[PDB]
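Asks: Here's a structure for you.
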Amino acid sequence: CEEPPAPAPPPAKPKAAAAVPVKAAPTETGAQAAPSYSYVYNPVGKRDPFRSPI
Amino acid sequence: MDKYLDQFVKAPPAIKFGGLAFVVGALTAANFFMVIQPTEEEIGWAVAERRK
């Protein structure tokens with residue numbers, strides 16, 4: 001077995017240890033978006049109508 | 001106290017056995033060192049692997 005901590009070099013858990021931290025997964029997953037936004041809008045208006053009809 | 005440098009300059013069975021014994025003692029020192037060194041090397045490979 002391994003004891004309270006193990007023996008002393010530490011033993012061996014730099015390799016168990018290191019190629020753990022962690023599982024990894026790595027869970028290459030669950031990201032989030034800013035999305036993006038569109039822009040508005042082209043006029044100046046023109047008259048024919050509606051000046052005469054009001 | 002003389003007859004003893006005569007014996008110390010001479011030898012037969014007692015000193016053939018003795019020489020065999022000093023030799024096997026040297027060889028055991030050698031193999032114990034040659035099992036202590038793979039220990040150090042092994043702790044080293046541990047420190048490398050964990051860093052990976």
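Ligands are numbered from 1 in the order shown, residues from 1 within each chain, and chains are lettered A, B, ... in the order they appear in the structure tokens.
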Could you make a table, as a Markdown table, of the residues of chain A that have an atom within 7 Å of an atom of chain B, each with its nearest atom pair and distance in Å to one decimal, counting only C-alpha atoms, in chain and number order?

Replies:
| residue | atom | partner | partner_atom | distance |
| --- | --- | --- | --- | --- |
| A:9 | CA | B:43 | CA | 6.1 |
| A:12 | CA | B:46 | CA | 4.7 |
| A:13 | CA | B:50 | CA | 5.8 |
| A:14 | CA | B:50 | CA | 2.5 |
| A:15 | CA | B:50 | CA | 2.9 |
| A:16 | CA | B:50 | CA | 5.9 |
| A:17 | CA | B:50 | CA | 5.4 |
| A:18 | CA | B:50 | CA | 4.3 |
| A:19 | CA | B:52 | CA | 6.0 |

Asks: Please produce a file of the residues just selected, as a short mmCIF file (atom, residue, chain, number, x, y, z; two decimals), in the first residue's frame, where the atoms kept are C-alpha atoms.

Replies:
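Listed below is the output, selection05.cif:
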data_model
loop_
_atom_site.label_atom_id
_atom_site.label_comp_id
_atom_site.auth_asym_id
_atom_site.auth_seq_id
_atom_site.Cartn_x
_atom_site.Cartn_y
_atom_site.Cartn_z
CA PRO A 9 11.38 10.56 -2.40
CA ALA A 12 7.08 7.97 -7.17
CA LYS A 13 4.00 10.38 -7.05
CA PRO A 14 5.71 13.00 -9.24
CA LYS A 15 4.83 10.52 -12.06
CA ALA A 16 1.43 9.42 -10.66
CA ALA A 17 1.08 12.78 -9.23
CA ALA A 18 1.88 14.73 -12.32
CA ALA A 19 0.25 12.76 -15.15
#

Asks: Quick one, how far is CA of residue 34 (chain A) from CA of residue 22 (chain A)?

Replies: 29.5 Å

Asks: So how far away is CA of residue 40 (chain A) from CA of residue 54 (chain A), in Å?

Replies: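 CA of residue 40 (chain A) lies at a distance of 28.8 Å from CA of residue 54 (chain A).
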